[PDB]
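[1] my sequence and its experimental structure, below.
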Amino acid sequence: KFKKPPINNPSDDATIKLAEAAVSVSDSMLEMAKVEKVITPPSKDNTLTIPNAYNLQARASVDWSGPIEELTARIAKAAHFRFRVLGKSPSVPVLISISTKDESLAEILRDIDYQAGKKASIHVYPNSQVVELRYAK
Amino acid sequence: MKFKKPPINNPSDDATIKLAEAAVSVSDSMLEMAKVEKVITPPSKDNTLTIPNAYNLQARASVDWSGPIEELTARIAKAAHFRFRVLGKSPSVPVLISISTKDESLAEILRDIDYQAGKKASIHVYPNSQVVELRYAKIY
Amino acid sequence: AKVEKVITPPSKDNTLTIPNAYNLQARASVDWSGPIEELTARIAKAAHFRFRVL
Amino acid sequence: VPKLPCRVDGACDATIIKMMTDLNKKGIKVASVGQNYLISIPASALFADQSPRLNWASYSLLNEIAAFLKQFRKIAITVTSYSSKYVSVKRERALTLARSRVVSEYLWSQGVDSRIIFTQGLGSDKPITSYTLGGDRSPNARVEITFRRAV
Amino acid sequence: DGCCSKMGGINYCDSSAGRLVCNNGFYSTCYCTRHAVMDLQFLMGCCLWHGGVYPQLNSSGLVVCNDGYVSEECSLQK
Amino acid sequence: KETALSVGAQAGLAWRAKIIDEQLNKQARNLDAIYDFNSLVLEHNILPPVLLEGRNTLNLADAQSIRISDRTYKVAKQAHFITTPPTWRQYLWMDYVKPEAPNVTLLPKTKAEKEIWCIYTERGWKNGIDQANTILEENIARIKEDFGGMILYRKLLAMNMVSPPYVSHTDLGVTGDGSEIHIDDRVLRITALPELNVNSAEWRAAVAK
Amino acid sequence: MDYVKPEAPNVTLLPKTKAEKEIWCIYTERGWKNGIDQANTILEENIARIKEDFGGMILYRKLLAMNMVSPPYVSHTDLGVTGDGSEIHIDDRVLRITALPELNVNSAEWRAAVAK
Amino acid sequence: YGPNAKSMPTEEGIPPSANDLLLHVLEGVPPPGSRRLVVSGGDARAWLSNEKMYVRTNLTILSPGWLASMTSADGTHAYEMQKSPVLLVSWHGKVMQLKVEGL
């Protein structure tokens, strides 16, 4: 028997014009941001996919902020995989920082490769149980 | 035998009036800028190939948020029953998200989030494993 | 003012008339203050017309 | 403030309401919607039978129109004349043009407050009623004035 | 005094318009701010269309506008 | 008379500002929705500057001496950093105290001084209300000026009338002595403030549909 | 005409009997007439001034048609863009007139007129 | 340069283009150190800084003669003007006067 109008309703001539201006501004800025932003298809996404081998399905808590080669060597050591590196470390080391409690080494490696950027890459071989660290030049 | 006009509503205030009368001019200038930028910059692609809509993603939402980003994405993934994941490192200055909309899809909301993020953060979706991927920029 | 006013008859006044090409009849909006080559090239590019300078 | 103006000179909305009530009860059509205002008059109470001449009693109504038009601030007034089909096209065109010109020039000479007066007649091309039984007694033969209120 | 008399009454003012709002949607004949269109042609003051009154304090009756023009009408008889 | 005028001005100013702040707080979300600064920020958290434009300029110096031009542009404030985006609270909110104790100096004892006290306090109240409205007009002008400047800068950057700000980063590895250390030391500078270009031929027009 | 109403007649002396009241009345009346004539004199001086200026400019138009006066000469010089990266003006033009309109002394080139 | 050292300006140069305060005047921002004025009769605002008026409207003043005129991108006229008690404005084909208080 009673249905209220909304409490914060623009029932005023100033307020309706103000709200229309607001929604216009929001739509215009949405269009501006959408046409401004770049994207990339996942077909050419430069992220290493999940190797999903059973020796890499362990869970761990990791705290590190420093260089790269010793960290990934310890990762392979806990993963019972051999580790080798093609390339040479430059004078300035490559730095990373991860602190986390519970995931798997596969997405740990994925975050490693994403944090590395252009200077480095990793490769996983489960047929011959190895990881490779490929430097740039 | 009386005489009227249709809109007979509650009174207003001159300060609100002047606020709106500024706002209309600002909206006009912003519309002009957006039209010019659209017609000078050719759009190329779309985020929908990055973010497909899958099942159990059509439950709707109405929101009002004006803060940081990460825990909000965690909340919406928890509603999705999806595993959540973050990559990269959050910068020193936090990313500010302000979203005020009502009753649309999770996929469209996420696309709006990605468009508001723009040049700093990005959202990717893995439907085969129900993964919400957040990735920052490779800068700083 | 009738004495002082100088006119020219429109038989031989030098102004380009409407060429009434069908693709030239669209609507647009512009704002510009500067050179002429960029604006004319952009107009012809919108009209899908080849544009040249002698 | 005892020196500065408080209202527009010679303006009272009570007088406006009273005279528009009297006009519509006199049968001259007074219409107000949005910010445009229309006054329409049948030609039978104004002219002779399809003839540009003015009845001497009609000037009282004309002065009433002037007293109404002094109450508003405007820019431009348009007066249009329409009639019924009598002989040709051209006769109806000329009749409408003469009627509109006469009433426009009298209103300009009287104390209206305008800047622009437009006057035109269209003969019989724009009827508002298909019931064309009568002659000039049918209300389609008429004179209208339209104006938009200025601020 | 009565602005929306023989109507419902006064509702509010539009300072962007300078007219009151009656209960019906008809713009009244009153004014509700100084920032409104006033048909002004006759005004008080002196040294008009000149530099105004020069603000110096004079023992004599010389009243001179700031363009050097001296207005004896604004001044007094000697 | 004048004491009533003063206290009426103070009370009207305070009360009008109070109501203005209440209305401004009531209309809340559309305000910052309209003034989204954080959309406008560039890639390195750098505030884009404010530009002013003018049309159809003319000066007369004296006889036989005028100068005309069609359009003008001018930088107002230089582009710089921002550790945080701004908002409208520093543009539109205003101060408010409660004056409370006008001491007993001129209290109205008779009917004539009572009524002139009432009407003079009333007109001072109106005057203070008017002053507050003038203050709000000035603030509205200020915020519109700044927002128009930054949106005009975005427009000219689209039009290629301005160079973008040029950044620089220097990366350092480990640092410090054996007692103080930082892990990685990244230095961010800006080596080129944005400014107009004068070469005409680089300027790109735009055409709508 | 400048008008400010004065509402402060400063009072130093007062009449006592009917004779001084009568001379007070008639002398105020004479002053009223004197002030009226003062206003009219100011008016006619002003109207002479505006008539003088208008006659001067219409005389200049007449004599330029008579071809006795050199019309004034003005160059306008155009510049391109101007200003550094701080602020700019898009296209500047500067107009200077150099020839003030003088009167010739060469009587041979004078032109007459005829009517009908 | 010697003792007199009179470096003679044989060519004067360009007259000044426009005082740049008119931009903030166009946006309604008063120049620093100025003070508010009172305008009545219409919709305009005005300011006084250095014994020189600045006025802002979208109308057209006629009488007292101005020195610099600035136009916005949408039809707003700002004037660098001399001081005046009153201005003559053609509003809509009709002539009115607007008085100024504050001098």
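    Alright, I've got the coordinates. Numbers count the residues shown, from 1 in each chain, chains lettered A, B, ... in the order given.

[2] give the burial count for the residue nearest to residue H:75 when sequence neighbours are not counted, as a bare number.
    Nearest non-adjacent residue to residue H:75, counting by C-beta to C-beta, 6 or more residues apart in numbering or on different chains: residue H:58, 5.6 Å away. In this view, the C-beta of every residue, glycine as well, is placed from N, C-alpha and C. Under the neighbour criterion other C-beta atoms under 10 Å in any protein chain shown, residue H:58 is assigned a count of 13.

[3] and for residue F:82?
    Residues near residue F:82, counting by other C-beta under 10 Å: 16.

[4] what angle sits between the lengthiest helix in chain A and helix B:106-117?
    Scanning chain A for the longest helix, with DSSP state H as the assignment, gives helix A:13-36. For helix A:13-36 against helix B:106-117, the angle by axes from the mean of the first three to the mean of the last three C-alpha atoms, to 10 degrees is 80 degrees.

[5] is chain E within reach of helix A:13-36?
    No - shown here: helix A:13-36 not in contact with chain E (C-beta under 8 Å from any C-beta of the partner chain), separated by at least 9.0 Å.

[6] ok, residue 14 - contacts?
    All of this is about chain A. B:12, B:13, B:16, B:17, B:19, B:20 (C-beta atoms under 8 Å, 6 or more residues apart in numbering or on different chains).

[7] hmm, no, I was thinking of chain H.
    F:67, G:92, G:94.

[8] tell me, how many residues neighbour the residue in chain E that chain B sits nearest to?
    Residue nearest to chain B within chain E (C-beta to the nearest C-beta): residue E:25, separated by 2.6 Å. By other C-beta under 10 Å, 16 other residues sit near residue E:25.

[9] again with the one 4 residues further on
    Other residues near residue E:29 come to 23 when the count uses other C-beta under 10 Å.

[10] how about the nearest residue to it, chain neighbours excluded?
    Closest to residue E:29 by C-beta to C-beta, 6+ apart is residue D:11, at 3.9 Å.

[11] count the residues that sit near residue H:94.
    Neighbours of residue H:94 (other C-beta under 10 Å): 14.

[12] let me see the ranges of the helices in chain D.
    Counting by DSSP H, the helices of chain D are D:13-26, D:58-69, D:90-109.

[13] deepest in the core, which of these is it.
    Of all those, helix D:90-109 has the most neighbours on average by mean count of other C-beta atoms under 10 Å in any protein chain shown, namely a mean of 18.

[14] now do the SS call for the closest residue to chain F within chain H.
    Nearest to chain F, among the residues of chain H, is residue H:28, at 3.2 Å (C-beta to the nearest C-beta). Assigned with DSSP: H, G, I helix; E, B strand; the rest coil, residue H:28 falls in the coil class.

[15] surely it touches residue F:145?
    Yes - the pair formed by residue H:28 and residue F:145 meets the contact definition of C-beta atoms under 8 Å, at 7.4 Å.

[16] neighbouring contacts of stretch A:128-135?
    Outside stretch A:128-135, the residues that reach it (C-beta under 8 Å, 6+ apart) are A:55, A:68-69, A:72, A:75-76, A:79-89, A:109, A:119-125.

[17] please save the CA atoms from it in CSV.
    Extracted C-alpha coordinates of stretch A:128-135, given in CSV (Å, rounded to 0.1, in the frame of the first residue of the first chain):
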residue,chain,number,x,y,z
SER,A,128,64.6,-33.9,-20.0
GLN,A,129,64.0,-32.5,-16.6
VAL,A,130,65.7,-29.1,-17.0
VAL,A,131,65.2,-25.4,-16.8
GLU,A,132,67.1,-22.9,-19.0
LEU,A,133,67.8,-19.3,-18.2
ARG,A,134,68.3,-17.3,-21.5
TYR,A,135,69.9,-13.9,-21.2
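
[18] hang on, the earlier thing: out of the contacts of residue H:14, who's near chain H?
    Okay, of the contacts of residue H:14 touching chain H (C-beta under 8 Å from any C-beta), that's F:67, G:92, G:94.

[19] so which of those residues comes closest to chain E?
    residue F:67 (25.5 Å).

[20] pretty sure that closest one is in a strand, no?
    Yes - per three-state DSSP, residue F:67 lies within a strand segment.

[21] picking that back up, over to the residue nearest to residue E:29: give its phi and psi.
    Per-residue torsions, residue D:11: phi -130, psi 130 (degrees, to the nearest 10).

[22] next: residue F:127.
    phi -70, psi -40.

[23] is the residue nearest to residue H:75 in contact with residue H:71, as I believe?
    No - checked against C-beta under 8 Å, the pair residue H:58 and residue H:71 is beyond contact range at 9.8 Å.

[24] return every residue with contacts to both of the two.
    residue H:77.

[25] near residue D:84, how many residues? Count them for me, please.
    Neighbours of residue D:84 using other C-beta under 10 Å come to 20.

[26] and if you look at residue E:46?
    18.

[27] same check on the one 3 residues further on?
    The number of residues packed near residue E:49 is 14, by other C-beta under 10 Å.

[28] repeat for residue F:142
    Residue F:142, neighbours per other C-beta under 10 Å, totals 17.

[29] mind listing what it touches?
    Per C-beta under 8 Å, 6+ apart, neighbours of residue F:142: F:91, H:29.

[30] residues of stretch D:123-138 that come out buried?
    Within stretch D:123-138, the residues scored as buried using 16 or more other C-beta atoms under 10 Å in any protein chain shown are D:123, D:124, D:127, D:136, D:138.

[31] which stretches of chain E form strands?
    Assigned by DSSP state E, the strands in chain E fall at E:10-14, E:19-22.

[32] what's the most buried one of those?
    By mean count of other C-beta under 10 Å, the strands of chain E have strand E:19-22 as the most buried, with a mean of 22.

[33] ok, and what's touching that strand?
    Contacts for strand E:19-22 (C-beta under 8 Å, 6+ apart): B:11, D:13, D:151, E:3-4, E:7-14, E:27-28, E:30-32, E:36.

[34] one more: stretch F:187-199?
    By C-beta under 8 Å, 6+ apart, stretch F:187-199 touches B:140, F:44, F:46, F:48-49, F:73, F:75, F:78-79, F:81, F:153, F:160-172, F:203, G:81, G:83-88.

[35] mind listing the helices for the chain?
    Chain wasn't specified; assuming chain A. A:13-36, A:69-78, A:105-116.

[36] could you do chain H instead?
    H:21-26.

[37] spell out which residues of it are next to chain B.
    So far as C-beta under 8 Å from any C-beta goes, chain H lies against chain B at residue H:74.

[38] alright, that wraps it up for me.
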